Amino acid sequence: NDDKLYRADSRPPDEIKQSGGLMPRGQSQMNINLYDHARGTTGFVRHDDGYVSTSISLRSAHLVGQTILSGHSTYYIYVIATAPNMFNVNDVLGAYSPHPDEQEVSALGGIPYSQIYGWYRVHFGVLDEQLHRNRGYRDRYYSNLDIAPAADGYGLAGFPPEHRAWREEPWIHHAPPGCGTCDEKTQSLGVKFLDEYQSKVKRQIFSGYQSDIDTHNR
């Protein structure tokens, strides 16, 4: 469906375009681990350990931004489409979600440019009401998609091998080999997930880029 997510970020739109989207800290194979990401503490809304966090409302994203990015004379709130690279952190980490009141939804591998609907500018903490639309966005494509179901994330929760969650439901039924080599398999599962996800986005965007071809004329 056409639901949107929201994230305050000091990185401006030109940078986001150049970077191919909103990337996790370690990208510039990076560590991908949801439990580590969710527990991460500076100048950024959570974006370490292979994921990029968002809020489920503009109000929430703005409030988070004012906590972390006060003292930035200009920052942005990115409006982001739902798609199956996104996990509801509370649903996946369950009772072990470290900050449940934040109700975060986190994108495994970051948020590709095409998934960004647009952005608001925040000047001196004041949200400017004009939404700037992203030309890289694809509305039919992303409005046909939703976040990933929690069942696709339990196996990627990323708890350490000795963590009790791996012996409890729901995670027991999805534990990587060694969990309950655990961290090695968590990582490789994340890498596989991201590779498969990116294949779909490449297909959509790059196919559109090749829809100019006219065989007969040449």
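A residue's number is simply how far along the shown sequence it sits, counting from 1. Think of the rigid core as the biggest set of C-alphas that the two forms share within 1.5 Å after superposition.
Taken in 4 other deposited structures of this protein and fitted on the core, 18-26 and 190-198 differ in how far their Cα atoms move from the shown form, and the one that moves more is 18-26. Gap check for residue 180 to residue 181: 4 to 9 deposited residues are absent from the model. Per the PDB record, of the two stretches 125-133 and 87-95, 125-133 carries the greater mean B-factor over its C-alpha atoms. The PDB entry reports B-factors from which the mean C-alpha value can be compared for 98-106 and 138-146; the larger average falls on 98-106. Of the candidates 33, 66, 60, 53, the one whose C-alpha carries the top B factor in the deposited record is 66. In the deposited entry, the Cα temperature factor of residue 211 places it in the lowest third of its chain's modelled residues.
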